[PDB]
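K.L.:
Number of protein chains: 2
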Amino acid sequence: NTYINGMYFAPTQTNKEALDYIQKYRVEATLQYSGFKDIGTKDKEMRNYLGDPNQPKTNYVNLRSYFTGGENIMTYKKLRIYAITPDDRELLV
Amino acid sequence: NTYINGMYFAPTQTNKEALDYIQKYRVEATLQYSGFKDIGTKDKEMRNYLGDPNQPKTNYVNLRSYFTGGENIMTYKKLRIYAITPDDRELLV
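In order, the protein sequences belong to chains A and B.
Heads up: the first sequence runs through residues 780 to 872, numbered per full-length UniProt numbering.
Heads up: the second sequence runs through residues 780 to 872, numbered per full-length UniProt numbering.
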């Protein structure tokens, strides 16, 4: 299997500056042991896209700095997003 | 045998900020020579969990900087914890 250690979320298209009012990210993944739980609430790390410094700053949900002891696998994922007071799921696999 | 040189105590779950009013830790282990005694009273070293810097700050009872001359083995352990004025044993193997 191949594990997930992050998410390059929303690469910048022509008309998208939607990563400003959106601040917080919560993942509900399936870990190696006791999968579906509150993995935690963290923020974006807007570094790059595809690891290339010659690229605009896109969002990155850091799937490492969360409340886990094992690793995350490729079965399922739930991606809750937190602005001021919605909890809208922007992405779901 | 495999020796113990520390304790990653209380990895951060969803609802746990119980590592603030809790300050001091005393171990009563079984060393290689003259085991059961007051090994000492020390504090937490809240660095990481599982040695990963992409992880929240969890407690760590340092089982090296204590009053010993030998090493600690995997027979028995007693873990006294000190807040202001309890002495409640939070963990016991």
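We put the beta carbon where it would ideally sit given N, CA and C, even for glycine.
What residues in its chain sit with their C-beta under 6 Å from that of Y812 of chain A, if we drop five residues either side in the sequence?
P.N.:
Answer for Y812 of chain A: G849, listed in chain order.
K.L.:
CA-CA distance, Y782 of chain B and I852 of chain B?
P.N.:
5 Å
K.L.:
Using a Cβ cut-off of 9 Å, which residues of the region 806-830 of chain B contact any Cβ in chain A, in chain order?
P.N.:
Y828, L829
K.L.:
Below 7 Å between beta carbons is the criterion; list the residues of the region 844-858 of chain A that meet it against any residue of chain B, in chain order.
P.N.:
Listed in chain order, the positions of the region 844-858 of chain A with a beta carbon within less than 7 Å of a beta carbon of chain B are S844, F846, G848.
K.L.:
Under 8 Å: do the region 792-811 of chain B and the region 857-864 of chain B share three or more Cβ pairs, one atom per stretch?
P.N.:
yes
K.L.:
Of all the CB atoms in chain A, is at least one closer than 8 Å to the CB of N838 of chain B?
P.N.:
no
K.L.:
Give the single residue among A:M825, A:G814, A:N784, A:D817 whose Cα lies nearest to the Cα of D799 of chain A.
P.N.:
For the set A:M825, A:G814, A:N784, A:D817, the Cα lying nearest the Cα of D799 of chain A is the one of A:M825.
K.L.:
Flag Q834 of chain A as yes when its Cβ comes closer than 7 Å to any non-hydrogen atom of the ligand NAP, and as no otherwise.
P.N.:
The ligand NAP is not part of this structure, which contains no ligands at all.
K.L.:
Assuming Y839 of chain B and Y787 of chain B make a contact with CB atoms under 8 Å, what is their CB distance in whole Å?
P.N.:
6 Å
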